[PDB]
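Have a look at the structure below before the remarks.
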Amino acid sequence: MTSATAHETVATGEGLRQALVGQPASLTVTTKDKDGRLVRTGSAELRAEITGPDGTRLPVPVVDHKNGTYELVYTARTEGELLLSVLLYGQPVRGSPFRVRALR
């Protein structure tokens, strides 16, 4: 196997752009190497956090699956636009920071 890179790591999910207050918002992060190929090791260093309208930071937990996919879920309780940052080895993945619309 090879090492995953942040420039080619892909994140998908409705939680990347929309969240309902009180409801868990989920997203999936897929790690890839420098050549854009899929890596299957589940020991990558992936961290995430979300920043509310007041600048308060809150972590977003990650569950490392056996393959090269990582499930991330968060429950927003303050409405407004949120900023979701996903870091792999300290570097933002492709697309992060994400702008999340949190309603209700």
Side-chain angles (χ1 to χ4, degrees), residues 2-6 8-13 15-31 33 35-36 38-61 63 67-70 72-103:
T2 36
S3 147
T5 187
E8 305 281 336
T9 286
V10 174
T12 64
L16 287 177
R17 70 216 97 212
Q18 152 185 318
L20 194 65
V21 156
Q23 187 80 33
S26 58
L27 58 139
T28 300
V29 161
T30 311
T31 46
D33 48 48
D35 313 321
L38 198 144
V39 304
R40 282 125 203 282
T41 324
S43 68
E45 185 211 285
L46 191 72
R47 295 300 186 279
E49 70 185 353
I50 185 139
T51 291
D54 65 330
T56 299
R57 268 84 147 170
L58 269 166
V60 180
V63 184
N67 41 43
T69 66
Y70 298 84
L72 290 83
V73 61
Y74 65 94
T75 299
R77 312 204 168 271
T78 299
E79 69 266 46
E81 175 169 74
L82 310 184
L83 195 74
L84 174 58
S85 159
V86 181
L87 296 184
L88 180 70
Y89 300 116
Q91 280 266 0
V93 305
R94 184 193 287 98
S96 159
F98 301 93
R99 292 173 178 171
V100 172
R101 287 184 54 93
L103 293 211

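What's counted below: heavy atoms across the whole structure, side chains too, no hydrogens, waters or symmetry copies. Along the sequence shown, residues are numbered consecutively beginning with 1.
- Residues passing the side chain to side chain contact (heavy atoms under 4.5 Å, CB included) test with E45 are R47, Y89, sequence neighbours excluded.
- Using a 4.5 Å cut-off between side-chain heavy atoms of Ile, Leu, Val, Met, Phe, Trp and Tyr, with links allowed through other members, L83 and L46 fall into different hydrophobic clusters.
- Note that the CG atom of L16 and the CZ atom of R101 stand 15.5 Å from one another [nearest 0.5 Å].
- The CD atom of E8 sits 8.5 Å away from the CG atom of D35 when rounded to the nearest 0.5 Å.
- The two atoms that bring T78 and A102 nearest to each other are O-CB, 3.9 Å, heavy atoms only.
- Counting heavy atoms from C-beta on, the side chains of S85 and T51 never come closer than 4.5 Å.
- Minimum interatomic distance between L82 and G52 (heavy atoms only, all atoms of both residues): CD2-CA, 3.7 Å.
- Heavy atoms only, all atoms of each residue included: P92 and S96 are closest at CB-O, 3.8 Å.
- Counting all heavy atoms, side chain and backbone alike, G80 lies closest to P53 at CA-CG, 4.4 Å.
- The side chain to side chain contact (heavy atoms under 4.5 Å, CB included) test applied to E81 returns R99, not counting sequence neighbours.
- Annotation for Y74 and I50: closest pair CE1-CD1, 3.7 Å, computed over non-hydrogen atoms.
- When atom types are taken as modelled, the side chain of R17 and the backbone of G15 share no donor-acceptor pair closer than 3.5 angstrom.
- To the nearest 0.5 angstrom, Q23 atom CD is 7.5 Å from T75 atom OG1.
- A25 approaches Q18 most closely through the heavy-atom pair CB-O, 4.1 Å.
- If you chain together hydrophobic residues whose side chains sit under 4.5 Å apart, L87 and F98 never meet in one group.
- Tested against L27 for a side chain to side chain contact (heavy atoms under 4.5 Å, CB included), the candidates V73, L84, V100 yield a single pass: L84.
- With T31 as reference, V39 is the one residue of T5, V39, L38 to meet the side chain to side chain contact (heavy atoms under 4.5 Å, CB included) rule.
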